[PDB]
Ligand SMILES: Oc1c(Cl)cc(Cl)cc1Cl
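Next up is one chain by itself, shown in structure tokens, the form deposited without this ligand.
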């Protein structure tokens, strides 16, 4: 059914834009070394029921936190992620510290995710509860968009640390801890039972599961 060295299969992985940008580069080596005509497509999250897409075969694997996925779904946990805060290094509060109430008074960009039933909705909910409505300036579905915007303007962004670190590395942004206690996230890969024994699917899970996510 599936041979890495000769396959032309195009694998589709559903993930947030962040999850995509995290995953695919970690697959490149394996692809050039052992599967040089295999393709990986990063598919955005949708409003429709994700379990259906895994069932129909239109998605091979989902990657991230999808608490709503259960029946007929098999999973494996890959790592934990924690949230932090960022603001750009030419931000007025940077010269200052930031306790909880100064935090509440700044401008925020929120990444929204409840429509996609992605675990980040947990954080989103916490922030919408905490923050004065007037404190929220921008809203977007994409983590990477939100990061770029935080670099170009004075808004505070609350995001997975891995993403924060990737953008900190260019010095646009400073990382500081969230002044509230946010849930720790379990990031996994998800697939459907109907494909548990599919050779290609099995191969992909193996590769993903061997990724050094440290």
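Positions refer to the first chain, counted from 1.
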message = Tell me which stretch has the larger mean Cα B-factor in this entry, 45-53 or 148-156.
response = 45-53
query = Which is higher on average in the deposited entry, the C-alpha temperature factors of 10-18 or of 187-195?
reply = 187-195
message = Take the CA temperature factors straight from the PDB entry and tell me which of 84, 102, 109, 128 peaks.
response = 102
Residue, from 173, 62, 27, 182, that the PDB entry assigns the highest Cα B-factor = 173
task = Grab the CA temperature factor for residue 69 from the record and place it in the lowest, middle or highest third of its chain.
result = highest
request  = Can you work out whether the C-alpha temperature factor of residue 134 puts it in the lowest, middle or highest third of the chain?
outcome  = highest
query = Among the modelled residues of its chain, does the C-alpha B-factor of residue 124 lie in the lowest, middle or highest third?
reply = lowest
remark   = Here the Cα B-factor of residue 142, set against its chain, lands in the third termed lowest
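The form solved in complex with this ligand exists for this protein as well; it is not shown, and the discussion that follows is about that form.
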note = Given 34-42, 48-56, 171-179, 156-164, the stretch touching this ligand in the deposited complex at heavy atoms within 4.5 Å is 156-164
ask   = Looking at the partner-bound form in the deposited complex, is residue 81 within 4.5 Å of this ligand by any heavy atom?
value = yes
request  = Although this ligand is absent from this view, report whether residue 143 comes within 4.5 Å of it in the deposited complex, heavy atoms only.
outcome  = yes
inquiry  = in the deposited complex, is there a heavy atom of this ligand that lies within 4.5 Å of any heavy atom of residue 203, even though the partner is absent here?
reply    = no
inquiry  = Whether residue 18 contacts this ligand in the deposited complex should be assessed with a 4.5 Å heavy atom distance threshold; does it?
reply    = yes
